[PDB]
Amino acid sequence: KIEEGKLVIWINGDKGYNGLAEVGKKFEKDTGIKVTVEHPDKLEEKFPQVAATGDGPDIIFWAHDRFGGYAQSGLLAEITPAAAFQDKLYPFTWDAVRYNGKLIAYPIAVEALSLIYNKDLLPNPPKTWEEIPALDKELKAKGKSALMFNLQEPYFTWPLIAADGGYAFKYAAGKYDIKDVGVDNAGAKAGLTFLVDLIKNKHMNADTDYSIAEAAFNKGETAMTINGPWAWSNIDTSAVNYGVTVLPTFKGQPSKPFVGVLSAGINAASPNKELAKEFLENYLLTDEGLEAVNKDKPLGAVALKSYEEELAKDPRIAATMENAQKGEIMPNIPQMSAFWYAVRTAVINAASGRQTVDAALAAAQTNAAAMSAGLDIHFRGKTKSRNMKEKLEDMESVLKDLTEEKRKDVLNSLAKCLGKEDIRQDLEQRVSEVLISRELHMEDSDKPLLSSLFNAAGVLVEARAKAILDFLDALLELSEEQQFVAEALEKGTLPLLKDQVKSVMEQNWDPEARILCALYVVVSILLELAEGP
């Protein structure tokens, strides 16, 4: 239960939350309404977890790319600003927050990654990625690194991966093709390979994360970093004489950052919706409110035209917008979280050597395709008494009691059902007949699974049959995600898929919910069979 007569606001810890709390203060002074601003960790995951139960903040700040998924899960109030208010913001910002024709958040600012360089160490920064190793080699001799940036978050490495041809979902003539994913093409492989080569040749470290990179640049130990506008404040506090510029090219093509619009959404369960709209339209999105935030940590190019004409004088904003033009605004579609989780794991696995480049990107492509199809609730037709957690837990313990041979025999039959409604329906008829009759018939003798339902005394174990019927009911819920589950089984990458399916489930373990639950069941069962308990 969110508390009436109060505003609670979540925003990321790298953003200007103290600035925002200043606006919160002004609001209370004018209206007597208390505003509390918080910066929880993992906010983008935590929000949909608490909001799914009707709890959480009244207001949520994140880049626009998450909001479509929140909207599809019913977690956000529809935003309806008057036309007089809308015309004050850049129209491309409203686009970023428009989902299936409705506005699902207020746009705040545009953020793009830039190349940030130390002027004293590197008066003329490199224009190509290809120069960097030689440059690092020379700087290392003098006790400095050429480039350090967060390799843990794919937001940071995606610009190199996209440069020669990687993409998330194909975008043609104003429409995204969620069935055409660009994660394992030649261009993405070339970029990720360049990155992994930098690591292997000791120009960067696989474990470099946000705070390490920040500290190194700000303490003058590295000539370059890659970061957003929010980072400029800490650099201002430090000794460093820095510039902000276009990212280096790769194979003669520009680095293509995914560009975010920081946005503010209103919790669908909030009992203070009118107060939130009032705080956002009349306090935050004003010259004065944006200035308070921007002076704590810079926002980038703000959505409010009146204040952005001031900020556009800064050449750091020009560089931000130069990179923004070379990159692409992210989609706000639910499938974005799928893309992100897949790419995140791939880059980390490739960087650390846990997977090769080709293998990391082939698995990511498979997972993103599977999860994208699951999140696409549209155009589906299904024709021609226990907790879902409870059922999976039951099913898994039954299969755990099997011998290993019997597990593989179950798996042989189930893998044949994937993508084949005829085979699935037939196995369902047979398992069900065996369950009633307690006997195997002649047409059962070539189905390994069906003998697997019997113990070494030749007697049927009813719970094995029921577990299988439960799996085949779940598999029916799935449409085209089935073929990607097969690929993952064939390539040995089900554990990545299971992990990614869990991360995508907004809630802790709704049409979106039914399908992903089913997908999690199917993947979990296949993994237990393929790799053991």
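From 1 onward, residues are counted along the sequence shown.
According to the record, the deposited sequence contains 10 or more residues between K384 and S385 that were left without coordinates. The deposited sequence places 10 or more unmodelled residues between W509 and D510.
Here 393-401 and 83-91 are compared by their mean Cα B-factor, and 393-401 comes out higher. Higher mean CA temperature factor, per the PDB entry, when comparing 487-495 with 66-74: 487-495. Remark: of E153, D287, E322, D314, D287 shows the highest value [criterion: C-alpha B-factor in the PDB entry]. Across the options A146, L275, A190, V110, the residue with the most elevated CA B-factor in the record is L275. The PDB entry assigns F47 a C-alpha temperature factor belonging to the middle third of its chain's modelled residues. Among all modelled residues in its chain, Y176 ranks in the middle third by Cα B-factor. Ranked by C-alpha B-factor against the other modelled residues of its chain, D376 falls in the middle third.
Placement of the Cα temperature factor of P254 within the chain: lowest third of the modelled residues, per the deposited record. Among the modelled residues of its chain, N332 has a C-alpha B-factor that falls in the lowest third according to the deposited record.
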